[PDB]
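Understanding the architecture of this molecule
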Amino acid sequence: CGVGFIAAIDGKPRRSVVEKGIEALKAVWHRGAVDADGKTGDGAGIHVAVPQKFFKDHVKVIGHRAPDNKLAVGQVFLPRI
Amino acid sequence: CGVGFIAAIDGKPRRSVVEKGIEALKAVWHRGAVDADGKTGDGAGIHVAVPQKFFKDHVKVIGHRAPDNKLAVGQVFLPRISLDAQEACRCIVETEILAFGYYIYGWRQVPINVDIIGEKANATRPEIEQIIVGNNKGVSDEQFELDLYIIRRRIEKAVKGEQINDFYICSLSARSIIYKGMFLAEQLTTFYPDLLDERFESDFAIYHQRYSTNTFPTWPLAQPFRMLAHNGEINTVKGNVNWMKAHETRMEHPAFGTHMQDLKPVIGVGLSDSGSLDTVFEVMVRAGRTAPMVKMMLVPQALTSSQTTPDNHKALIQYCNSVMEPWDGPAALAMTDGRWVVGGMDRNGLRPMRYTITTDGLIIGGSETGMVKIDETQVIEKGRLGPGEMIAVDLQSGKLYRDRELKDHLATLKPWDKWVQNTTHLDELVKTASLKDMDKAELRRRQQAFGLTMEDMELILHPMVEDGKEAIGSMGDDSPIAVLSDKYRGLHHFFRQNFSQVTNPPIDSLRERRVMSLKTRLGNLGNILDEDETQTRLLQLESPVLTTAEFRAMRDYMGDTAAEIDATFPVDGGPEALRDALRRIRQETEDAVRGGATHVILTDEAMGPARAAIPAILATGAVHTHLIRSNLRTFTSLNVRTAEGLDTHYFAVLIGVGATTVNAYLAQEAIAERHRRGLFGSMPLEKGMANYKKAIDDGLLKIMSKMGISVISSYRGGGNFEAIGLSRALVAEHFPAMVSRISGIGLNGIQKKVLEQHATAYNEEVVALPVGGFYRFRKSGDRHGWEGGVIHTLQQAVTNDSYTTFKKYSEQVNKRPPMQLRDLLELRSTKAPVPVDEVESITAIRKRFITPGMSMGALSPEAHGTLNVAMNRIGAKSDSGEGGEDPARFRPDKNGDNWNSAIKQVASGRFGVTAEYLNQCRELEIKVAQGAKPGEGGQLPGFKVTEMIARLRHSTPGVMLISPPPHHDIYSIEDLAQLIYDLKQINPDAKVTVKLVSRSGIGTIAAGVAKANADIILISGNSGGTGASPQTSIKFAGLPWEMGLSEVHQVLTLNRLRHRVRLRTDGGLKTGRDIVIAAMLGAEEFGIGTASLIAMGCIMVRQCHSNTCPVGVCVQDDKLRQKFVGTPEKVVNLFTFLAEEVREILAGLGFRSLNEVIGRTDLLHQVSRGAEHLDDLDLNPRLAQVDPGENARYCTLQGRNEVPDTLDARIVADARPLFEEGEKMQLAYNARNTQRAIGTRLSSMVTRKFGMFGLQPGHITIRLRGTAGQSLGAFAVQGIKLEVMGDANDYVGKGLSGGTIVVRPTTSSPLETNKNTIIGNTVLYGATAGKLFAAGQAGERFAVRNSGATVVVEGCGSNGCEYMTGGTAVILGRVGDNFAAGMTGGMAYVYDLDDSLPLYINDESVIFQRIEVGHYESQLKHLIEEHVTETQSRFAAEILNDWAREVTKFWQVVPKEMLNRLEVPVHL
Ligand SMILES: Cc1cc2nc3c(=O)[nH]c(=O)nc-3n(C[C@H](O)[C@H](O)[C@H](O)COP(=O)(O)O)c2cc1C
Ligand code: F3S
C-alpha cells in the first residue's frame, strides 16, 4: 500500500528515473499484507512515458519505414479462455 | 449424451413417472464423456410438473394460508462470489413481479450437497433459489402464463441493463419446473434431495444428458431449456438468426399488446443454437398455436413430388415452407407445452429415437431402447420415429396420436387447398411471354475487362454445355493464395467454402436428391404470428439462377414496381471512388425502398471506356447489410446481373451474401457466340442451355450439401464462408458475420487492381484473350510451386545421391518469391552455434517421417509396393490408403522386404475393411476428410477398376465407384467415440489416429477428439493431392495447414490436453526448412506426401483421372505399367537427404534435438514486402503462445490410452479350453445396454488363432437375455454365433465377416412379430460375408454398403439397401422411401401385399420384376426355410405354408448391371 513518483526538474528523459522507480517498488513489501503462499498479491502498477526509440526499432524490424513524428501505443486486456 | 421422455396417457399424475425418470437418468453414463477425476460431468437435466402440495405445505408451515388456485414457482441462479449483487437481483425481480398485482409469498433456499461436485464446476457454481408467487387476481390460467412470460422477458432485459453477470431464470411458470446442473447423470438424485419426497408427482418427465466439446462448464448452458430438449447440433444457425432479425421488424399479434414492443430482441446473445431455437419456439407457441403446428413450421418434412403424402398434407407443407424458413440439421426433438407432449425428428432423421407403449397407459421414449426396466409381459407395441414423423400425447383430453393420425388431425383446421391455390410458378408465365445481339469486338473487350482467359475458360465452360458435368481435376493445387498473387484476381478467389467434419455429417447428393429442394420465393415475407390466406400470394421459382429471356419475363411481369441501380464508378475519380460509390448506392437503395419499390435490381450494363464496374460481391454485401441494419429487408428482394459469373463457386458466393436471384447475361451471350461458329456439332442452343442450367444447379446443390444443408432458403444470406486476405474492418462493416483471422487488402488494393485491369483492357485494341495460367502451368504468369527445372534437378539429385545437387535443388525451391504464409516467416535464434555432430543422430529423425496413404485404385500396385518396401526398410511408418490391401502382402518375402503396411485406413466406404485386415497393422486411421476435397471422398472413374480392384473390394467390374461422403456411423461426436471404442477393441495393440482438415473452428473438434480417446491428430492442409476430383472443390476449399495446426495446438494446450496426444501435419512439404517450421509450430510427426511421387516417376502430367499416365504410376493397363522406372533406393536416399538437411538447419540454430524446439514461438518473426504496399498481414494471431504450465509442451505418455472393459473379457476367461484345444462351446449371459461391442475381442482372438475361415459355422455360441448395446457383434469372424432374446440397439452386425447373428423376441412377449422395431439404424454397415436373421422391423439405412452378406428382415425403413454392392437381402413387409438408391450389385426380394412398391423404390439403376425362373424361387424358398428354422417365427411359417399362393406377391429387385453378367439368365 502506497504511491510514489519521481520527476526530473529540468525535463530531460533518462534511464535513472525508471531505474529509481523500479528500485522504489522493490522496497514496499512490508506495508502490504503478507501471504503464506508466497505468490499472491494485491496488484501493483507503474506509469511512465512511451520510449519512442524502442517502438520505432520494432516497426523498422517489421519492415515499415519509421515515421518522423510521434507514435502511439495502446495496451489492451482481452479474454484468454 | 441422450434425451428421453416418459408420459402418462390417461392424464393422472403419479410418482412412478419421476421414479422411472430417475431410473433412466441413472443409466446414461456409458454414452457421455468419462473423466479421470470421477466427479466432473458434462451436464444433466430433468423437467417435471409442479408439486402443488409440497409448496402449499411450505407456505402453510411458514405461516400464511394456502390458496385454492394454482401456485407458481420460479427457479433462479444468482451470483455467488458477491453478496450485494444478490440484493440487486432480488430487488429487480421483486419490483418487476409486483408491478402487475401478484402477491409474493416468499423465497426458499434449495438444499443441496456440494460434495459431489468436481473441481472445475465448483469454481463457477452459482446460488440456486426459488420464489413462490400466488394468483390472487382470480384470473384464468392462460393470462397467468402469458403474464409470467412477459415478466420473465422484462426481468431479463432489466438485469441486462445493469450488466450484472451470471443471473439466469431457469423456469418461471405454474405448470412445470426444471432441475438442471453440471453434475453427472448418476448423482442427480443425490445433488437435489428434494426429488426424493413422495409428494413430487407429475404426469410427464423429460430428461437430457449433454456432451461437452471442451472442459470448462457453464451452468446456464445446461439442458433442458424452458420448452425444448435438443439432441445434436444445427447447421444453419447463422442464416436463421439473420432471418429472425429480419422478421423482428414486422411481427405483431393482439395477444400480447403494449408489452409486444418490449419483446423485440427475441434472440439474445451468448446462447448456443438450441437456446435460440427454444426461445423462438416459445415465442411462436405463446401467440396461440399448438405444439405440433409450430413443430411442423420450424422443421418441416421433405416435400417430395411422390404419391405417398395426400394432397391436404401437401398443401399444409407448402404453407409451412412459405411462412418461415426451416432449421436444418440433426435434431431429435422432444418438446412440451402445458397441454401437449410432442416427440419428433428432423428432415433426414440422423439421430435416432425409439418409444414403447405399456399396458399401464404409459409411454416411454428416448435414444436407446433398454433404458428403463420393463417386464416383457406388459409391452403392447414398439416402434420408432423415421424422417419427419412425430408422436403426440394430449394431456387435457388424454389421448395418443401417432404420425398419420396427428397429421390428419392437423390437416383439418383451415382450408389449406384454398390458400396455396393463390400462388403462381414462373414457368407458364415465361412460356406465354418469350413466344412474343452483341458483336465480337465488345464481347472480347468486356471479357478482357474481367480478365477471363481463353483456353482455361474453354477448359471448364465447354464440358458444361457438352455433357452437363463440371470439370474433373487430377492433382492438388499449388497456386499461391489470392493476396500473395500479383495479377488480377476477382473477389471470388478470396472466399473459401465451409464444411462439417465430425459434429454433423455431410449429405449425399447423387443418392438423396429427393429431400433437397431449390425453390425460391418472391413475396412471402411478412408477419409470422398471423394466420390468413393473404400471406401466401407470391412468386415461386424453381431455381435462383436466371437466364436472359426469363429475367426479361420476370421484369416485364413486375413492370413498374421495381427499381434499377447502376453498379459502376467513374475511373477519372480520385483515390476514393469506390468509397463514395458505395455510399451513393447505399443511400439510393435506401431511398428507393422507402419510396415503395418492393424489388431492387443490381446491374452493371453501364460499363464503358470511362466507367469501371464494381465487383458484385462487395456491392450486394453492402446493400444487404444496409437494408438489414435499417429494418427494410423484409420489404423487398435483391436481384443481381453479373458480367463475370462463370463457375458454380461464383453463384454460390453471390447467393450466400444475400441476393435472391442471380442473373448472368454475358455467359449466355458468349455461349451463343461460340455456338454460331459451329463448335458443338449438331446440338441446338436449347439443349446446350438446358445442359448448362442443369450443371449449374447440380454444382450449387453439391456446394450446399458440402456442409449439410437441404434447403436453399435457409442458406441465403447465411454467409458460410471465410475471407482469407481481407481487412477485418471491411469484412466487418460491408459483410455479414464472417471471420478473417489475418488481415488483408482493403478498399485501396481492390481499387488499384481493378483500375489497372480496366486500363489494360480499354486503352489497347485487344485481339484475343491471354492463354491463362491458373489451372495448368504457362509462361505468361502466375508462377507455381512445381516447375520443370525443379523436378529435373530433384530427380537427378535422388538418382545420383549427390548432396550438393540436392542442396542446389532446395536453394532453387526456397528462392522463388513468397507464395505461401511460411515464406513470410524468418526464423532467428539467439544463442551460439553448435557443431553439427552434436545434434541427434540421423536415424532418430528418419524414424519420424511417414508417407501418407494413397488409394490403390489411384496408383499402380508397383509404386505402392515400392513405397511400402522403402518405408519398411528405412525404419519409418508407411500408410495403406482407402483401397485396403492385397492379402498376398501379409507375409515377409524371401529377400527380407515386408510388403505390408504399417497403418491401415478406415475410409467412408469400408471398401477393404475385414477382420483379417484390421489386425495385420500397427496404428489404425480414421479419415474424416482429405485435404483436396473436404466433403466428397475419393472418386474413381468407371474404367480404372480392373478385375484386381473388383476382387479387392468385391465390387462389380467396370462400374463407377464413388464413396458416400458422410460416415454413415458418425452423425455426432458420440458416434465417433463409439467407433473409436470398437476400433480399440478389435485391435488390442494398435492406436487410433483421426485425420482432420484445417479450417476455422477446428479447435472445438480438436478438444472433442482429444476427449474421445484418440491418440494422434492428423491436420491436413489445402494443397494435398488427389486421384480424381472436381476442379471447384480443389480450387476454393480448405485453408493452409499452418493456421489450423497452430489453432489446434493452442486450443489443445489451453484445455490441458496437449500432453496426451501427438500432432502431425502434412500438405505441401518440399524442403527441410518447412519441416523445422512445422516442428516449431507444434507438430511432432511429418508426412512428406507427394514429393516421393515425383522422385518415383511422376512428372506432373495431371492425367491420373484418365488411366493414361505416361510414366505409368496411375494406370491400370498392362502397357503403361511396364514403363515404371521407380526404384526403392531412391526414396531411401531422398529421406536421408531430408534428414541431413534438417540436421544442418538444427545445428545452425544452436539446438540439439527436435524435442527441444516443439511448441516454441520465440524463434520466428514476420517479414513482409513494404514496397508491395498490401495491408500488412498481421500474423500475430498465429505466433501467439499459450503458457505451458507444468506439463511439457511436447510431452506424451508412453503406450496408448486406456479404455474400459466390456463383457468380452469375462467370456474369454471362461472359454479358456477353446484357445488350447479348439472345442465347441456354448455360453449364456444377461445383456444390458451399458455393454458395448460384444464379441469383438473374442473375434480378434479367434482371428489371431485360426484366421477367418478356419472354424466350421457355429463353433462357439453365445446366448444373451435382455437388450444388447451399440454395435452388437461387430466384426464377427466365421465361427461365432450370437443369439439374443429381447431387442438390439443399433449398428448391429457392423463389419460382419463370416459370423452369424440372430435376434428373436422372447417367447413370453405377446407382441406380433412383424409390427415392432427390433434393431436400430445403419444395420450391417460394410459387411463382407456371413448371415443375419432377425424377427422384426429395422431402422433407417438398413443394410447400407453391403457386399456379400445374407440378411433376412421382417420390414425395413427409409433408404434401405443404399449403395449395396453384393449379397442377398430378403425383406418381408412394407418398405420405406427411396428404397434401393444407388444400388450397384447383388439381388433383393420384397414381399409386397398391395402393389405399393413402385411408388417407393428408386428406379435409377435398378429394376423391379416378378420371379419366373425356378432357380431363384428355390433359393428364396431355402432362405426363408432356414430363417423360420432359426428364429421360430410364426409369420414366416404362415408365409411358407401358403407358398404356392404367396410366391406371386414377391417382387425381385435387380440392378441394371447384372443383366448380362449373371450366370443364371434372369430373363426368359
Ligand atoms: C494421387 C493421390 C492419391 C491420394 N489418395 C488418398 C487417399 O486415398 N486417401 C487419403 O486419405 N489421402 C489421399 N491422398 C492425400 C495424401 O494422403 C496426403 O494427405 C496429401 O497428399 C499430402 O499433401 P501433399 O499433396 O503436399 O503431399 C492422395 C494424394 C494423392 C496425390
Ligand atoms: S501428374 Fe499424375 S498421371 Fe502420373 S505422371 Fe504424375 S502422377
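Residues numbered from 1 in each chain as written, not as in the entry; some residues may be left out. Chains lettered and ligands numbered in written order. Part of a larger assembly, values for the part shown. Heavy atoms only, no water.

Per the PDB record, the structure was determined using cryo-EM to 3.9 Å resolution.

Let's shift gears to the UniProt feature "active site" in chain A. Residues and elements named next belong to chain A. In the numbering used here, UniProt assigns the "active site" feature to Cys1. Position of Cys1 among the secondary structure elements: in the segment before α1 (15–25). Judged by its relative accessible area of 66%, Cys1 falls in the exposed class. With sequence-adjacent residues up to four places away left out, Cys1 is seen in contact with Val28, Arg31 and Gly32. (UniProt positions renumbered as here; feature names shortened; annotations may be inferred. Helix = DSSP H or I, 4+ residues; strand = E, 2+ residues; numbered from the N terminus. Buried < 20%, exposed > 50% of the residue type's maximum accessible area, 1.4 Å probe, protein only. Contact = heavy atoms within 4.5 Å.)

Attention now moves to a nonpolar patch on the surface. Together, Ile22(A), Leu25(A), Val28(A), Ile46(A) and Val48(A) make up an exposed nonpolar region whose accessible area comes to about 440 Å². Of note, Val28(A) is situated in the loop between α1 and α2 (52–62). (Patch = residues over 30% accessible without salt bridge, like charges linked within 9 Å, V, L, I, M, F, W, Y side chains within 5 Å. Areas by Shrake-Rupley, 256 points an atom, 1.4 Å probe, with all protein chains shown as cover. Salt bridge = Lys/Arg side-chain N within 4 Å of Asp/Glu carboxyl O.)

What follows is about the site of ligand 1. Residue and element names in this part refer to chain B. Taken together, 18 residues lie near ligand 1, and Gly853, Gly1025, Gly1068, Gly1089 and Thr1090 sit nearest. Take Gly853: an N or O atom from its main chain is 2.6 Å from an oxygen atom of ligand 1. By residue class, the composition of the shell around ligand 1 is three nonpolar, 11 polar and four charged. (Near = heavy atom within 4 Å. Polar contact = N/O pair within 3.5 Å; in protein donor to acceptor, adjacent residues only side chain to side chain. Nonpolar A, V, L, I, M, F, W, Y, C, P; charged D, E, K, R; others polar.)

Residue and element names in this part refer to chain B. Applying the stated criterion across every chain, the model contains 26 aromatic pairs over all chains. Here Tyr319 and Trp419 contribute two aromatic rings whose centre-to-centre distance is 5.9 Å and whose plane-to-plane angle is 85 degrees, an arrangement assigned as edge-to-face. Of the two residues, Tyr319 is situated in helix α10 (residues 311–323) and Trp419 in helix α12 (residues 416–419); the sequence distance between them amounts to 100 residues. Looking at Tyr319, the relative accessible area reads 1%, which means it is buried. Note on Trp419: relative accessible area 8%, which makes it buried. Here a set of aromatic residues connected by ring pairs shows up, and it is made of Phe77, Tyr179, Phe183, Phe191, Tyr192 and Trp219. (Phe/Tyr/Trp six-rings, centres within 6.5 Å; stacked < 30°, edge-to-face > 60°.)

Turning next to the domain arrangement of chain B. Buried accessible area, meaning the area lost when the parts come together, often serves as the stated size of an interface. Residues and elements named next belong to chain B. Along its sequence, chain B is carved into domain 1 (1–422), domain 2 (423–776), domain 3 (777–1199) and domain 4 (1200–1468). Between the C-alpha centres of domain 3 and domain 4 the distance comes to 39 Å. Contacts between the two partners involve 42 residues from domain 3 and, on the opposite side, 38 residues from domain 4. Note on domain 3 versus domain 4: buried area summed over both sides is about 3,700 Å², and carbon and sulfur give 53% of it. Of all residues in domain 3, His968, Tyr981 and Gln985 give up the largest surface area on contact with domain 4, accounting jointly for 20% of the area buried on that side. Where domain 3 touches domain 4, the interface holds one salt bridge. As a salt-bridge pair, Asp982 and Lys1294 come within 3.5 Å of each other at their nearest N and O atoms. Applying the counting criterion to the domain 3 and domain 4 interface returns 13 residue pairs in polar contact. For the side of domain 3 that touches domain 4, the elements supplying multiple residues, two or more each, are α28 (915–918), β34 (961–962) and α30 (973–986). Considering every element that reaches the side of domain 3 that touches domain 4, the biggest residue donor is α30, with eight residues. Taken together, the residues of the side of domain 3 that touches domain 4 break down into 17 nonpolar, 14 polar and 11 charged. (Domains from an automatic or database assignment. Buried area = accessible area lost by both parts, 1.4 Å probe.)

A few words on the UniProt feature "active site" in chain B. All names here are of chain B. Per the UniProt record, "active site" is annotated on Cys1. In this structure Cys1 comes out as buried when scored by relative accessible area, which is 12%. Among residues more than four places away in sequence, those in contact with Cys1 are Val28, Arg31, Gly32, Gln209, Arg210, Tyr211 and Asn231.

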